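Here we start with a single chain on its own, the form deposited in one PDB entry, put down as C-alpha cells.
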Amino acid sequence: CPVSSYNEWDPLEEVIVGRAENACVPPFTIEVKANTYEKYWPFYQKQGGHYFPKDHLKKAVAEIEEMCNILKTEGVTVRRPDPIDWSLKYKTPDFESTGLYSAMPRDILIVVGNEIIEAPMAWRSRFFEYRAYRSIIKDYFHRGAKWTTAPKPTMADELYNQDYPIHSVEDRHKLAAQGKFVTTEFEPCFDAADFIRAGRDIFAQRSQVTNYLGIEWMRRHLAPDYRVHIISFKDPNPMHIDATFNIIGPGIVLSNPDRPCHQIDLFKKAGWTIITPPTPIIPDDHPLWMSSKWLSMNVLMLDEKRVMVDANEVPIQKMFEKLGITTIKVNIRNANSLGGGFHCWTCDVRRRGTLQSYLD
C-alpha cells in the first residue's frame, strides 16, 4: 500500500519530485499564448521547439537535487521521473507537436486515497507527458495501488477557441466571469493541479486548461466517497489552483490577496481560517516563463507544523513562524522559472493519515 494520501498536510512519507532535464519551450499555439505574459511572447516565438536556456536548466537541476537531499533528510522517500528528451516531435491524427517537460508532477498526477490518477492535460505539448512517470506508477500498481488514467483528449482544433482575445484585453475576465476560456467544452480536459484536496472534499476551478466536462468526469469518477466542489476566483488567467488557494492544514487556507475566492463565505461559515500571505519579493527582472510571482505561496507541507518554503521569501517565512509552523528553507529561484514552486514540483504519494471531513 505504497499509495495513500487524502489531503495536503498529513505527515509526508513518499513523494515524486519532477525533473528540469531537457525541458523544451512549447510551440507558441493559442493555449500557450493564453498563458504567457506579454513580456515573454517574443521568447516563445523564437524559442519554441528548442530547449529552455541550458545554463538556466543546470541551476534548476542543482536546486532540485538539493531539495531532494533535504526531503530525504526530513525522512521522505523520493522518486523521480525517467529522463526523457522532450524535443522529440510526435504526431497524432489530430495534431503535431514537440513536448514540454516533466518538471511538474502536480500538473499530471493526483493521489486520492490509494488511487493514483493521471490527468488528461489540455496542452498539445503535454500530450505524452505521462510517459516519464510510468515506471513509477507500474511499480505502485504491482504493489497494490489503484491506477486510473482520465480520458485522454483528441486535442483537435475544436477543443480550443482559436479566436480567444489572448492579445491582452483583459475582458477575459468577463469571459472568465461567464466560465469562458481558451478551452471549449468539446471534450473533457484538465490539469490535476486545478484540484486541491481536503479529505472527503476536493475543490476544483474551471480554468484555461480545466473545463466543466473535465471537472464533471472527476466528480462522477470519485462519487460517492468524495465530493468535488467548484470554486472561482477573481483571476483572468487561471491555470492551476495552488498559487491561489493553497490548503495547508485542517481548516486553514492560504488565499492569494490578488485572487479572492467568490465562495469565501462557504469556508468562513465552516469555521475555516483564511490567511492572506504577504507579497512576494522576487525581482521583476528574474524570468518566470510560465507563471506569476505568487509561487511564494505554493508551499508544500511536510506535516501540519513543517512547511518547505522558499529561502528568499522572508516575509512569508515570518508569517509561518508567527503561526508556530517550522520553516524548512530551500532555494528554488531558478526552478521557479519553469513555472512552479514546491507544491507544483512534487506529488505526495503517501501521507500518514485517514480519510476525514473538514467542512463539518
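Throughout, rigid core stands for the largest set of C-alpha atoms superposing within 1.5 Å between the two forms. From 1 onward, residues are counted along the sequence shown.
If you look for the form deposited in another entry, you will not find it shown, but the lines that follow are about it.
Trainee: For the core superposition between the shown form and the other one, please identify the residue among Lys72, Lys89, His173, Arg227 whose CA shift reaches 2 Å or more.
Mentor: Only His173 moves by 2 Å or more at its C-alpha.
Trainee: Checking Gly99 here: with the core superposed, does its CA move 2 Å or more between the shown form and the other one?
Mentor: Shift at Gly99: below 2 Å after core fit.
Trainee: Would the C-alpha of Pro188 be classed as shifted by 2 Å or more between the shown form and the other one after rigid-core alignment?
Mentor: No, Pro188 moves less than 2 Å.
Trainee: Taking the rigid core as reference, does the Cα of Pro238 move 2 Å or more between the shown form and the other one?
Mentor: For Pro238, whose C-alpha is compared between the shown form and the other one after core superposition, the shift is 2 Å or more.
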